[PDB]
Amino acid sequence: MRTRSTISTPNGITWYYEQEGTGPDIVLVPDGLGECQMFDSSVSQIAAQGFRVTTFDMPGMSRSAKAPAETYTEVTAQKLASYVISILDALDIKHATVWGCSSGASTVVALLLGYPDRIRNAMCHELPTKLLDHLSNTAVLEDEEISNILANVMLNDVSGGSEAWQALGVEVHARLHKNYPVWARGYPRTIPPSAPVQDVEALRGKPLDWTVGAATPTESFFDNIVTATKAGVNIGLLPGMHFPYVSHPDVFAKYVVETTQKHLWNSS
Amino acid sequence: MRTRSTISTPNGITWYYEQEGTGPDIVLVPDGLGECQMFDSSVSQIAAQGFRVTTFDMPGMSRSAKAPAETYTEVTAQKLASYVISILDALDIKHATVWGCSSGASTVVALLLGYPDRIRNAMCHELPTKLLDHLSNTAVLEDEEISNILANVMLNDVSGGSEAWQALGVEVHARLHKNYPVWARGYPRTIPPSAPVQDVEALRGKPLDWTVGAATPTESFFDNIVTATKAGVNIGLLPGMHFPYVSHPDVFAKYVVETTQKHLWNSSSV
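Protein chains in written order, with my numbering: chain A, 32 to 299; chain B, 216 to 485.
See below:
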């Protein structure tokens with residue numbers, strides 16, 4: 032029932048993607064780690080409510096690794112947005128709703144502002160705007176030391192539930208193990224400055240629904256709550272921390288459906 | 216060089232209070248637990264920058280226990296504000312800056328809106344606006360079960376650093392042990408509805424500086440960040456969670472001084 036296949040784009044990226052259902056399009060953009068297997072559970076639930084749910088591994092990560100070095104080094108929100116537009120052009124998704132978290136959250140807002148004709152609405156979760164120095168300093172280390180440090184960080188520190196995180200399996204953690212060094216060198220230094228939330232007036236009136244993890248420390252995404260409230264954007268909380276889709280997949284899947292149905296109603 | 220003494224007010228409360236330094240007045244209002252010994256470290260540091268730092272145990276708690284039942288049962292922000300005004304009238308503090316956290320945060324905002332002539336500026340930290348059911352259900356239990364449950368809650372859940380919290384000592388935790396049942400019955404059910412942050416336009420333009428704990432979960436005081444940003448009030452972070460003055464006393468003491476110095480500068484009259 033679910034499609035699992037590859038597709039190549041003019042920019043040089045051979046994407047691994049998954050697709051299920053028919054109806055209005057919902058695109059699940061992953062985090063910096065770039066693993067679409069985290070969405071697996073919720074993809075079938077969301078697609079069963081009359082939607083075509085698309086998702087894919089991000090360039091250079093896991094199954095979408097066959098790409099140029101440009102696509103996973105010195106990565107920005109605007110670069111990732113252009114790469115997402117390319118796969119949507121390849122699969123012929125002309126109008127879509129977009130979910131995004133971490134670097135994916137920066138990407139979906141860049142998609143909405145940059146390509147308003149193509150985005151119905153966007154759902155950003157925990158968009159990073161600050162340069163964390165302890166994440167930048169890992170880039171210079173050896174590959175196995177980065178993977179051991181960052182795998183422990185995701186487990187204990189930001190998963191929002193270790194048990195759920197573990198339950199992804201050995202094959203997923205094996206793919207994440209290879210991604211941590213690629214992410215560390217490309218993402219954390221260059222992503223937070225490229226956040227498109229500097230201009231507050233650009234965000235006002237846009238079909239945007241912002242969320243933050245309920246169990247996350249307040250300092251981590253305090254700026255999202257301030258920026259969203261100034262722009263008049265809907266800001267809310269989701270259970271867990273950084274990966275609602277992994278920790279609370281049913282509550283995540285319900286939020287994606289209810290938000291998309293609300294914006295489909297407003298189109299008149 | 217620090218005064219430690221007691222004083223009585225017309226409303227029936229015999230206050231335990233502490234005072235140090237000379238200069239513009241800064242009043243450190245405690246939390247619902249009502250213990251001013253938590254401020255001990257920072258009081259000397261804040262007073263040394265040219266300020267008269269005042270603080271006191273709240274009615275019915277710790278050393279200010281001698282009071283009527285009205286003052287520690289069905290407690291609201293507006294009641295606590297009137298009790299704070301009474302001790303400031305007793306000590307002859309006509310103009311002051313006020314710090315407040317928890318129920319104290321609700322009190323200082325009630326002080327600012329209710330008595331604008333008396334308050335230079337207010338500093339609220341983690342003002343509760345929601346009714347937490349797990350805190351309300353402790354009120355009905357026996358006194359020893361409340362104290363054992365709530366002392367564990369403060370240590371692990373909201374202290375923001377166990378080592379610092381524990382280091383307050385046996386005498387302070389002995390006074391907190393007696394306060395937990397008095398707090399449980401009086402505060403958590405009646406305090407959050409009495410928050411004066413319901414009217415957003417009342418807060419606009421006021422000399423108010425709001426803070427939230429950095430390590431605190433986002434859901435706990437998400438409403439504070441939303442309400443403050445709508446009102447155009449300065450909203451920021453302090454390290455730790457609920458008790459910055461206990462966990463990070465140097466960073467707390469610096470924030471109280473820098474904020475008070477900023478509002479003293481703004482008093483520039485033609």
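Cβ atoms here follow ideal geometry from the backbone N, Cα and C, with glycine treated the same way.
Query, Result
"CA nearest to the CA of residue 225 (chain B), picked from B:373, B:322, B:301 and B:402", "B:301"
"Continuous alpha helix (DSSP H) assignments of at least 4 residues falling wholly in the region 392 to 427 of chain B", "415 to 418"
"Whole-Å CB distance - residue 429 (chain B) paired with residue 250 (chain A), under 8 Å assumed", "4 Å"
"Beta carbon proximity, residue 429 (chain B) to chain A, threshold 8 Å", "yes"
"Close beta carbons around residue 371 (chain B), own chain, < 6 Å, minus the five adjacent residues each side", "none"
"Beta-carbon spacing of residue 230 (chain A), residue 265 (chain A) below 8 Å", "no"
"Near-chain B residues of the region 266 to 293 of chain A (beta-carbon distance less than 7 Å), N- to C-terminal order", "268"
"Nearest-angstrom Cα separation, counted from residue 293 (chain A) out to residue 102 (chain A)", "34 Å"
"Boundaries of the alpha helix (DSSP H) in which residue 141 (chain A) is found, first to last residue", "134 to 145"
"Beta-carbon neighbours of residue 448 (chain B), restricted to chain A and to distances below 8 Å", "Per Cβ cutoff of 8 Å: no residues; residue 448 (chain B) is ~11 Å from chain A at best."
"Local Cβ density within 10 Å of residue 36 (chain A), reported as buried at 16 or more and exposed below that", "exposed"
"Which of helix, strand or coil DSSP assigns to residue 291 (chain A)", "helix"
"7 Å CB neighbourhood of residue 280 (chain A) in its chain, flanking five on each side removed", "72 and 73"
"Stretch pair the region 261 to 281 of chain B + the region 238 to 247 of chain B: three plus CB contacts closer than 8 Å", "yes"
"Three or more C-beta pairs below 8 Å linking the region 208 to 219 of chain A and the region 62 to 69 of chain A", "yes"
"Contact with chain A by residue 434 (chain B), beta-carbon distance below 8 Å", "yes"
"Residues of the region 335 to 359 of chain B whose Cβ lies closer than 9 Å to any Cβ of chain A, in chain order", "none"
"Proximity of residue 314 (chain B) and residue 271 (chain B) at Cβ, strictly below 8 Å", "no"
"Same chain, Cβ closer than 7 Å to residue 254 (chain B), five either side skipped, listed in chain order", "243, 270 and 460"
"Local conformation of residue 310 (chain B) per DSSP, three classes", "coil"
"Limits of the unbroken alpha helix (DSSP H) element including residue 109 (chain A)", "108 to 121"
"Coarse secondary structure for residue 436 (chain B), derived from DSSP in three states", "coil"
"Contact set between residue 445 (chain B) and chain A, taken where Cβ atoms lie within less than 7 Å", "260"
"Chain A contact for residue 441 (chain B) (CB, 8 Å cutoff)", "yes"
"Contacting positions in the region 256 to 287 of chain B - beta carbon closer than 7 Å to chain A", "none"
"CA-to-CA distance, residue 319 (chain B) to residue 288 (chain B), given in whole angstroms", "16 Å"
"Residue 226 (chain B) in three-state terms, based on DSSP", "coil"
"Buried versus exposed, by CB contacts within 10 Å (16 or more), residue 216 (chain B)", "exposed"
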